[PDB]
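Below: one structure, written as structure tokens.
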Amino acid sequence: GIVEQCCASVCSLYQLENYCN
Amino acid sequence: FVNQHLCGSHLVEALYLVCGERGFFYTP
Ligand SMILES: Cc1cccc(O)c1
Ligand SMILES: [Cl-]
Ligand SMILES: [Zn+2]
């Protein structure tokens, strides 16, 4: 999930944007 | 994990900012 990718390591905004609608 | 709880709080503010008009669903 997003908590596993982005809380174990620091996501970028391009990455975060994957989880948008 | 309290650290994840804290992290998630920041994640949703980030989603809010990046997703904009699109919006988003948060599903831990
Ligand atoms: C913007 C943001 C907040 C928390 C974790 C991350 O990987 C990224
Ligand atoms: Cl924090
Ligand atoms: Zn904090």
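By convention in this document, the chains of the structure tokens carry letters A, B, ... by their order, each chain's residues are numbered from 1, and ligands are numbered from 1 in the order they are shown.
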
Using only C-alpha atoms and all ligand atoms, I'd like a table of the residues in chain B that come within 12 Å of ligand 3; for each, show the closest atom pair and its distance in Å rounded to one decimal, ordered by chain and ascending number, as a Markdown table.
| residue | atom | partner | partner_atom_place_in_ligand_line | distance |
| --- | --- | --- | --- | --- |
| B:2 | CA | ligand 3 | 1 (Zn) | 10.9 |
| B:3 | CA | ligand 3 | 1 (Zn) | 9.2 |
| B:4 | CA | ligand 3 | 1 (Zn) | 10.3 |
| B:5 | CA | ligand 3 | 1 (Zn) | 9.3 |
| B:6 | CA | ligand 3 | 1 (Zn) | 5.5 |
| B:7 | CA | ligand 3 | 1 (Zn) | 6.8 |
| B:8 | CA | ligand 3 | 1 (Zn) | 9.0 |
| B:9 | CA | ligand 3 | 1 (Zn) | 7.0 |
| B:10 | CA | ligand 3 | 1 (Zn) | 6.4 |
| B:11 | CA | ligand 3 | 1 (Zn) | 9.9 |
| B:12 | CA | ligand 3 | 1 (Zn) | 11.5 |
| B:13 | CA | ligand 3 | 1 (Zn) | 10.6 |

Report task. Using only C-alpha atoms, find the residues of chain A whose closest atom to chain B is at most 8 Å away, then write them as an NGL selection string. Result -> :A and (1-3 or 6-7 or 13 or 16-17 or 19-21)

**Report entry** DSSP-assigned alpha helix (DSSP H) among chain A, expressed as a PyMOL selection string
**Finding:** chain A and resi 2-8+13-16
